[PDB]
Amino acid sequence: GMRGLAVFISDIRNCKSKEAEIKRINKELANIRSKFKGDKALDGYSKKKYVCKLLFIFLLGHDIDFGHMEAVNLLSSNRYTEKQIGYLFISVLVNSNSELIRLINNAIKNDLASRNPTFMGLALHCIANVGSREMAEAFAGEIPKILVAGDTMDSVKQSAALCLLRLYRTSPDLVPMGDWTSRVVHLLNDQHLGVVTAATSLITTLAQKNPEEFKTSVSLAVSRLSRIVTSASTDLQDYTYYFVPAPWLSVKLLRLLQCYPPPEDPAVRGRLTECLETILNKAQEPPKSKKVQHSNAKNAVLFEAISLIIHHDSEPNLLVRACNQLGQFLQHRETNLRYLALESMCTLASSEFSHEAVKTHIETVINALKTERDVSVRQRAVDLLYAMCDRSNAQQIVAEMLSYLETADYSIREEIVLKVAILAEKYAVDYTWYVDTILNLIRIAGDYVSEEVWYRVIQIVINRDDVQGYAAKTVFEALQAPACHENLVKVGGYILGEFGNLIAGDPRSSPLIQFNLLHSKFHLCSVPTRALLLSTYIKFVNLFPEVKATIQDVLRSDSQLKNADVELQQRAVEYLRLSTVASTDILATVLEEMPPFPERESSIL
């Protein structure tokens, strides 16, 4: 190609510093400017090369403040290499100067107008690439003429169809639904699958605003789709990728069909069902190659078919088969197929013909979450569990989430903890289950548990005699682990202060073991925490006369009595003066069990 270009590039590679690179770019910039301005004109090889070197430089980062006019002259060369490099430059560097867009729309006209498909392709490509309103006003009328004309070549038809598609998106008012409508639909029958691919892209965008105009696409789309999925080894050899027939055009065709309701003609709706039943069948056939490219090509088509099925929501047999095929992906090497499976199943859970099918796979979703490394797949697992969860599952799902939380990373706790608390409340089979869930929730992952939540669990335990012993033992047994969440020491301390009497029977959990445990958490706790623990400690002087001495010691300490904090100093002084200045019989009614909560509708039952 260009000995010059390779030296400039390989010079730029030998540069041992940004300094020297910029030295070398300014030297080359100087030379180019000199020769454009210079006395002796340049042969096409040099206009081509130096225009190419300006492009390179611009792509390294540097501003290019000249050369556009040189690139514009190459558009009028009859040497392909010179046209290309010129057409390349104006597509990368779009400048506003009206004298150039006039000259450019000239070169484009002279190329569209040549009956040369290489020169027409460069021009069509330049239009698609740049897509300027001047280019649209110049050429939008012509492109449909080129697309339909019977003598224009396939390669040009492809490039014309995508050009017309850029033109519709950037400048729709220059693309009305004229006399070509139906002839673009006819392209869907072309021998050239590349043409079919192009036309399908175009019709799909056009069929969104103008669905009525392109109605006749539905039938040819189905005909072609079913000819492709059913074809042999020796059919479509050109468009066959790792033993999968025309995967990208299959996917395009199924996307076109999502522009319309299920076919109005039965025969077609029939061809379409045979078509999707074949695609789902190929999913149960073992790999024709161990190359991951075969599985991805295959599945690309499966997943599109599943979008179409979901969108039609009209054929319950296909919704079920789709679900079950997704189920079989949740167990799979490919993190990719795992991700897409859980995504599609989240969708299917909100249709009725499929909600029940999805529940089926609860077993596989919970097992896939337990083993799953990639966090985003984990997230999607927990979204599905959350989606399928009703009266039947609620216990299984809550149970399994709490299990996961034990060993879980931090990366995911906050959202799981949130989902547990929500489902606990929506699907409460009874007090005792709720309380058991929230006490374990707080034990495992209290750091992420709302105030509103741990307020409610206490309200429940106070108001139900049945569960107070459960609460006292669970929270006690939890509290005597080596580290535990501050929100557990709040719920723990409040419960034991009010109901610790029902487990003080055991020498496991004596008032002095209870107290010393609470107080081995105390100096580690926040101030509202320590405040509450003090009310627990005074409720403890009352219930358990044995340990009033030890407790009064901790209230008399200077760390309690002369505390920087005001609630603490005041509580430790109030609670000391109470265990002195009151008799047995007064202290017993100033710390009698707290009366059950006024039970408004806000929560239960």
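Each residue number is its position in the shown sequence, starting from 1.
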When mean C-alpha B-factors in the record are compared for 442 to 450 and 296 to 304, the larger belongs to 442 to 450
Per the PDB entry, mean CA B-factor is higher for 267 to 275 or 91 to 99, namely for 91 to 99
Of the residues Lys252, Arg456, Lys83, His311, the one whose Cα carries the largest B-factor in the deposited record is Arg456
Reading the B-factor column for Cα atoms of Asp465, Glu285, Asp111, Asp190, the highest value belongs to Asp465
Among the modelled residues of its chain, the C-alpha B-factor of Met2 falls in the third labelled middle
In terms of its chain's C-alpha B-factors, the third that includes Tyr168 is the lowest
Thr240: CA temperature factor from the record, placed by chain third, in the lowest
On the chain's distribution of Cα B-factors, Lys157 falls within the third called lowest
Assert third(CA B-factor, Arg224) within chain per record equals lowest
